[PDB]
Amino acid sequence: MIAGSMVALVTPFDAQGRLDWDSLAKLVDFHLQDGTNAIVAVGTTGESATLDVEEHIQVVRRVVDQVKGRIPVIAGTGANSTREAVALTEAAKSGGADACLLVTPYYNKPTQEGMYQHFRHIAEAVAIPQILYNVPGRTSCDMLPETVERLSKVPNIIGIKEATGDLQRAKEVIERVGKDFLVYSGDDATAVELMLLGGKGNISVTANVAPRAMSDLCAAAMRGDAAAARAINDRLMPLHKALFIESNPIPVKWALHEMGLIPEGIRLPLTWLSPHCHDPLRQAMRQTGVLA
């Protein structure tokens, strides 16, 4: 049952960088207890780039075991190599994950046709629901609406995460794919509209620090309650902007730490929120009420 507020869960590390299993458990209880509908473990925010193939599935395994069915658990499995996406995706299934989120290829700029037979292959090679992921801002390629529609017809491809933040884009994708095809938001700031457009959720970074609030806003958004959604949103907006004052998840982790939920750990090349951006974020957290 995959829709609503879906925290793009961070992967906590201790001061020396080793996975801190204690923080992960608490964070899972945290979202488990404050309304979160789903959890995306090992995604862009959970630092998928810098995890061992071994670390990858251990994080997917530990969350799945804790959640125990109460919520869906979506595993990040995209890769710029089809064979490597198969491996990760198969490793997520034989792990318990409820579904896989697969970003489009990143460095090597495939053709639209290539992205088609890329996801189509994985969807055929692994018997697990897969969710497309578009974010050209990171991966220097863009999966046009025509190609989304072709993939929507494929049997295991249940939905897509649209992160461009462009609302004419969601509109177009939504007006071409079935009622079965779930469109999710990957841009917190404009998620409310995507949902009012027919969107079925928001894979959020903001949910990491304001879980109860994000589920309320997705609820209202998907309920047709356009008044309430904005009301919350405009309250949360300053947090939406601050959390990206530096490439995500650098900021969201600083906050998580300032709340006392995770150690100060992050893997290279990533760095810790540089000095200059500390009060901008803290005021956003204080003004929004997630801190003190």
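So that there is no doubt, residue numbering starts at 1 and follows the sequence shown.
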Averaging C-alpha B-factors over each stretch, which comes out higher, 78 to 86 or 118 to 126? 118 to 126
Of 9 to 17 and 264 to 272, which one has the bigger average CA B-factor? 9 to 17
Among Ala91, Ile157, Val73, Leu167, where is the Cα temperature factor highest, going by the PDB entry? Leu167
Most elevated Cα B-factor in the entry, residues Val59, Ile250, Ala226, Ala49: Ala226
Considering every modelled residue of the chain and its Cα B-factor in the PDB entry, is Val53 in the lowest, middle or highest third? middle
Would you mind ranking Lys241 by its C-alpha B-factor against the rest of the chain and naming the third, lowest, middle or highest? middle
Using the B-factors in the PDB entry, rank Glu175's C-alpha atom against the chain and give the third, lowest, middle or highest. highest
Ranking every modelled residue in this chain by its Cα temperature factor as given in the entry, which third contains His257? lowest
Of the three thirds of the chain ranked by Cα temperature factor, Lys153 occupies the highest
